[PDB]
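One structure is given here, and the rest of the page talks about it.
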Amino acid sequence: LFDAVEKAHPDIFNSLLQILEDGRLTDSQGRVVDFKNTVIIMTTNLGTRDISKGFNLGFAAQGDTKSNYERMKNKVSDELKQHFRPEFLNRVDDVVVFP
Amino acid sequence: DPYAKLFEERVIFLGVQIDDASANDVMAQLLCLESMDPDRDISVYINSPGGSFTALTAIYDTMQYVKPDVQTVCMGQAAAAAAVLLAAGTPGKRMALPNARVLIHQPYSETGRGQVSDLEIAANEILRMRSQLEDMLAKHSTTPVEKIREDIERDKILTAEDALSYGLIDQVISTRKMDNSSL
Amino acid sequence: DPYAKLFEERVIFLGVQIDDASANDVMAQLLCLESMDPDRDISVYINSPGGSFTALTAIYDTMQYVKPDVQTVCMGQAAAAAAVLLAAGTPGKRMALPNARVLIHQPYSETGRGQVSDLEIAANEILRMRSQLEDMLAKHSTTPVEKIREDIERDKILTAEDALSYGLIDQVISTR
Amino acid sequence: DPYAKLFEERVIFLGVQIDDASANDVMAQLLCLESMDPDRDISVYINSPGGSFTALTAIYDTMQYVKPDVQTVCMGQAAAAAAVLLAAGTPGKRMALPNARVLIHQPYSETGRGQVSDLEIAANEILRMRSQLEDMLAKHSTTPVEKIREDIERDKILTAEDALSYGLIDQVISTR
Amino acid sequence: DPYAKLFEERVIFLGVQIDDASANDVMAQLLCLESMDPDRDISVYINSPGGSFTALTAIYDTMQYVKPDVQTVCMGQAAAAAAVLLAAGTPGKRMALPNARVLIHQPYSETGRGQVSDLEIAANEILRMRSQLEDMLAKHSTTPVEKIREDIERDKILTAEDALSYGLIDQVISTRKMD
Amino acid sequence: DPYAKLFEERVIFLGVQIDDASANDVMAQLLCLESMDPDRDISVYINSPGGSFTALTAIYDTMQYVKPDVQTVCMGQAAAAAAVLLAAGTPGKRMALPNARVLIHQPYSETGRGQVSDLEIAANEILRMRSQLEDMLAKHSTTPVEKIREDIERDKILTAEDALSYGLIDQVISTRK
Amino acid sequence: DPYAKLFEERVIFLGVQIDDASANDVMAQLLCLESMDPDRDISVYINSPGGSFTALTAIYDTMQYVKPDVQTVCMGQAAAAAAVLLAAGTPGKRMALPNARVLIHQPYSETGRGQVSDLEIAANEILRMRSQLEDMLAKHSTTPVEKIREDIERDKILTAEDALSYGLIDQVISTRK
Amino acid sequence: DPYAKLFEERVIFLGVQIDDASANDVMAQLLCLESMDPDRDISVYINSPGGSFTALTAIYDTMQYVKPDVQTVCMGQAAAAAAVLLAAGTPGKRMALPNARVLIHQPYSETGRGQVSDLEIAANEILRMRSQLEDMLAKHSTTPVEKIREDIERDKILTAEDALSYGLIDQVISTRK
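Heads up: the sequence lines are chains Q, I, J, K, H, L, N and M, in that order.
Taking the authors' numbering, the leading residue of the first sequence gets 619, the next gets one more, and so forth.
Taking the authors' numbering, the leading residue of the second sequence gets 52, the next gets one more, and so forth.
Taking the authors' numbering, the leading residue of the third sequence gets 52, the next gets one more, and so forth.
Taking the authors' numbering, the leading residue of the fourth sequence gets 52, the next gets one more, and so forth.
Taking the authors' numbering, the leading residue of the fifth sequence gets 52, the next gets one more, and so forth.
Taking the authors' numbering, the leading residue of the sixth sequence gets 52, the next gets one more, and so forth.
Taking the authors' numbering, the leading residue of the seventh sequence gets 52, the next gets one more, and so forth.
Taking the authors' numbering, the leading residue of the eighth sequence gets 52, the next gets one more, and so forth.
Here it is in structure tokens:
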């Protein structure tokens, strides 16, 4: 488990690429450690800054009939794509949003 | 600076008459906003008493060209060329305040002294410009072109609901409404 | 500068005649203040000698649109167009200084030379704006519309107590 | 700039003519000064040759509204409305430099061309303004209202000692 | 500030009258853009009503001198010298908005009072200027110079597709979504 | 900005004609400098022609009102109200450059159109202003009052040595060497 | 801004008429560039329509005084004084764009009303100024002085190749390929 | 900006008409430079066409008062009062460019409406000012005062070599080898 991944420098996860796609990691002594039988979880709070909001800034007519879950989904997706490089998000199997 | 914050919330605010400088600023802002995020909408607020035709054409083409949808809001008035810009927004996303008025009329022009050939060329140009204005108003509305022909002969003033019935706008703002709020 | 301090306290200050630029600034400020906090009230201070009409309508619509309550304080004077704004505050929160006046009268315009049809259209437009103005004044006041029509025929100047009795003012403040 | 540091001290300076902009600046400064500290006094230096009446009323009301005592010091001159502002300070604090003058006279104004009814309304308004000025000068001084009425009929120039005997100021300072 | 931001991706507005200050600013920007990277294109956007001729020639020479390709886009109107500047872009990279217009006409001139010799010298200079304009327009288009001479006698106004068939531009762009 | 440094040390520089705005600026600068230190010496440099009398009185009272001493330096010229400002410095440290000149004359006024009573009141005000200017010049000089009456009738031009003999200045400074 | 970037590369624009302020800015820039580096070339770009004679003199003298070589480039036009400035570059380093023009003519002047002696003095000064200008033109070109005297009687307009054949410039630059 | 860099190198640059504001700026800059370093020289560059006489006297007194030596450099032109500033530098440190020019002539004045007496005092003052200017020119040059009086009757124009022979400057700049 990697807890609060957004709190770290956006380069540590560069070391997870070989973990996610190849399932291995080599330490500084040259030994290859096998990651093929583990479960990787990464927790984050990205894209959850507008939950305590009722409207946007400008003029509006109807009021965004979509529920909070869909807005959270879209914001999370956008923030994840903005914060992580595409090759890293291409290796993550599942992205789950918590309502 | 409130205008800055309006800009980070993807609002381009048009509060002055339509000339070359205003057209350049609005078009540059549109290009920047499209480059930042080619999927989120861009809001244009109109409070201008018309302006020149070439700047109107440039702004109209830039609005039609950019990938994101454009939401036009009429605040105050849209007198001569601003009516076309208000009607040039994304269909279903053009709206006006309750106590707002939209004006339409044929273009007014004047030329300096010259020989008859120059005046004839200028008159042909002005006729072409008026025909292009008629086509722009006919495409982005509901009424047929002949009704536009007869309407824009003199000044035509429309209220918010009158403009909505005319087809230039789609909705009339009433008051602030909150979001769905359902978890 | 003091104006920044007042704006940080959700106070929008209007001390110049109402034209397109001032109306745009006021609308932008109101939208920003509503977005910042949709619960606290917004204060508008009126010290202007009137102005145009389309800017009046834009400011009025923006004031009615925003969620927070708007408290309008008459200070120095509020003549002609600005008077409507003074009556456009949230009911029960319209205030005026003791030595302040409110002036109301029908619109005055000026059109250039033109054919008779154009002038007829302009006359219809100005009559429509006057009817809209009298309706707006009737909505936000206890005075019936007919007496408003009679009164705004010429210039009418009201003191703080006269405005309070007329309806455009909810209370008069003297000292903290 | 010296003005910023003088404001940081707690001194408002009013050496410019009284119009809407200057009155707005003075009211904003007074509100900010009261907000920062509601106990210490505010010093106002007056060197202005009068101005508009509405701005005078606005500044006077703002001065009377604030909790902190307002000490008004006259240097150079204080004419027309500036005299009212100088005499409008809290009692016991109004003071003036040795060879300064205070000039008082009835309001002067003009109106554009119009029908007789509009002129009558304007004349009634100007008479009301002069009466209000009379009451403001009367309650904030010692001489009875009748003598002031007979006195501001023409221009009246008072030296520091003349003003002190008149009751507009309280004590003449040579050096602090 | 939008203008600096477009300048970051090598985009230049020419949206004011063509005079000495505007020409100097344009060539300074062009030289800076060439120095930053000599093999990436430079975009020039034209929304001007015209201007002087010396500034026109200076801008044209600066455009021709720089190594990278110059892509000219007509947005609103491009009249007189602006038409030449629009036609002076790299071939195949000259564009115009759908409702844009291009106006071409012979140079206009006015001189103060003077003796006949000075007037004759000035008239010869003006005729040379017109001949240079004709050559510049003939070089960067697919029209014979005789038709250029006949056309620029009076104000010739062309729309987007008329300019495309006339040879001044290479493409008319409608929308981004339609490529 | 040299003026920034000059004000930073102690120096107030007065090189423009005396009107309401300039007088307000000078008053604000004097009050600020007094706020910095109520025991140092402030320097005022005069290179200006005359100006409005009310501003003259305001600046005179402002200099006479603070504790810190005021050192007046004349340079180029100091005419009309500027001459009074020069003579209003604290005794012993009012000085002028060698080629400077001081011009003194009675006030010049122009009232607007009005009825006879208004003109009479304005004339009384102008006369008392002239008497007050006379008293100010007599107080800060070694010359008797009647000689000043005779002198200020028309334009009176004094050199540095002539001003020193008149009593308006205490020292004529030549060089730092 | 681009202008600062070109200044960092030792490039100076002269795109307005030659007056006191323009000459002062140009010579200040030249002195600063010399002090920054005394053996790197300084580039001067000329797009001016002319100007005053004294400012031309000051700029020309400052150009001739500085140690580094100065390379002049005529871009749009160079009329009257600008032509002299263009010809005053370091020999072999004077350039012009292909579609550029250079205009040369004798000085023009006007004098206010005055007595005959003053007008005679002014006429002598104007003749001296013209002689100095034609001497400057003859020194920096491959043309005999009498030919210049005959040519500058009226306005003379030269293309880039004409200026090259006249000796005012050295190369015409077409493209960087 | 180049002007700030020049000021950092103790160069005061004067290329504007001599009036009250320009004189005040020059005086403030001189005082600041003298305060920063009372030993190094200060350079004054002159490109002005003249101006008022009061500002002339103020600047001359200040530039004589400061303890550092002042080096005057003429360029382009130095007319009327400016010429005095060119001749008022410390001896052996006054120089001009090869093609610069100098104007010398008696002061020109204009008086408005006035009674005969006031005009009499005004004419006396103007004559005194002209005599003072003559004495200032005589003191700082190598020419007897009678010759200067005869010369400044009308406009006199001096080239760099003529100024060198006249005594207004000490040497003529040629180039930096």
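Note that CB positions come from ideal geometry on N, CA and C, so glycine has one too.
For L/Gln80, the enclosing alpha helix (DSSP H) begins and ends at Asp71 to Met87. Within the stretch 167 to 178 of chain H, those residues whose Cβ lies closer than 9 Å to any Cβ of chain N are, in chain order, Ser168, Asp169, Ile172, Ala173, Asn175 and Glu176.
For L/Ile110, no CB of chain M lies under 9 Å from its own CB, so it is not counted at the interface with that chain. Within chain J, no C-beta atom comes less than 8 Å from the C-beta of I/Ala79; the nearest is roughly 19 Å away. For J/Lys207, the three-state secondary structure derived from DSSP is strand. Using a Cβ-Cβ cut-off of 8 Å, Q/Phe673 is close to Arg227, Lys228, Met229 and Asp230 of chain I, given in chain order. At least one beta carbon of chain J lies nearer than 9 Å to the beta carbon of K/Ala72. Proximity of I/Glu60 to chain Q, defined by a Cβ-Cβ separation below 9 Å, is satisfied. Against K/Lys118, the close residues of chain J are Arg227, in the order they occur along the chain (beta-carbon pairs closer than 8 Å). Around the beta carbon of Q/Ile659, a 10 Å sphere encloses fewer than 16 other beta carbons of the protein chains shown; the residue is thus reported as exposed. Rounded to the nearest whole angstrom, the CA to CA distance from Q/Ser695 to Q/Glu688 is 11 Å. Residues of the stretch 178 to 199 of chain M with a C-beta less than 9 Å from any C-beta of chain N: none at all. In the structure shown, I/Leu219 falls within a coil segment according to DSSP collapsed to helix, strand and coil.
The beta carbon of J/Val117 sits closer than 6 Å to the beta carbons of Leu81 and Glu85 from its chain, once the five residues preceding and following it are set aside; these are given in chain order.
Neighbours of K/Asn75 in chain J, taken as residues at a C-beta separation under 8 Å, are given in chain order as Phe64, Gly66 and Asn98. Under the DSSP assignment, H/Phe104 falls in the alpha helix (DSSP H) whose first and last residues are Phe104 to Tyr116.
Neighbours of Q/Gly676 in chain J, taken as residues whose beta carbon is under 8 Å from its own, are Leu82 in chain order.
Taking a C-beta cut-off of 7 Å against chain H, the contacting residues of the stretch 113 to 146 of chain N are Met126, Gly127 and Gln128, listed in chain order. By the neighbour-count criterion, in which a residue is buried when 16 or more other Cβ atoms sit within 10 angstroms of its Cβ, L/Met87 is exposed. Burial is judged here by how many other beta carbons sit within 10 angstroms of a residue's own beta carbon; N/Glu185 has at least 16 and is buried. Between I/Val223 and I/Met146, the C-beta gap is smaller than 9 Å, which places the two residues in contact. In this structure, L/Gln68 and L/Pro100 form a Cβ contact; the two beta carbons are roughly 5 Å apart against a cut-off of 8 Å. K/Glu59 places its beta carbon 9 Å or farther from that of K/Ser94. L/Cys83 is not a Cβ neighbour of K/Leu65, given a cutoff of 9 Å. Shown here, I/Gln122 sits in a strand according to DSSP, grouped into three states. When Cβ-Cβ separations below 9 Å define contact, N/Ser160 makes no contact with chain M. Within the same chain, Cβ atoms closer than 8 Å to the Cβ of J/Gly218 are found at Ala138, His191, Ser192, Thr193 and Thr194, the five residues on either side in sequence being excluded. In this structure, DSSP gives K/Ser94 an extended state, which the three-state scheme calls strand. Any Cβ of chain N closer than 9 Å to the Cβ of H/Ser86 would place that residue at the interface, and such an atom is present. Classified as buried, K/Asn75 has 16 or more neighbouring CB atoms from the shown chains inside 10 Å of its CB.
Judged by DSSP secondary structure, I/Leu136 falls within the alpha helix (DSSP H) whose first and last residues are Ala133 to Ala138. Short of 8 Å from the beta carbon of M/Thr113, and not among the five residues preceding or following it, lie these beta carbons of its own chain, in chain order: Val77, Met78, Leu81 and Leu82. Three or more beta-carbon pairs separated by less than 8 Å link the stretch 194 to 210 of chain J to the stretch 149 to 157 of chain J, which places the two stretches in contact.
When the five nearest sequence neighbours on each side are left out, no beta carbon in the same chain lies closer than 6 Å to the beta carbon of J/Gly165. Following the DSSP letters along the chain, one finds I/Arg200 inside the alpha helix (DSSP H) bounded by residues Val196 to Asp202. Chain order gives the chain L residues near M/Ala106 as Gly127, where near means a beta carbon separation below 7 Å.
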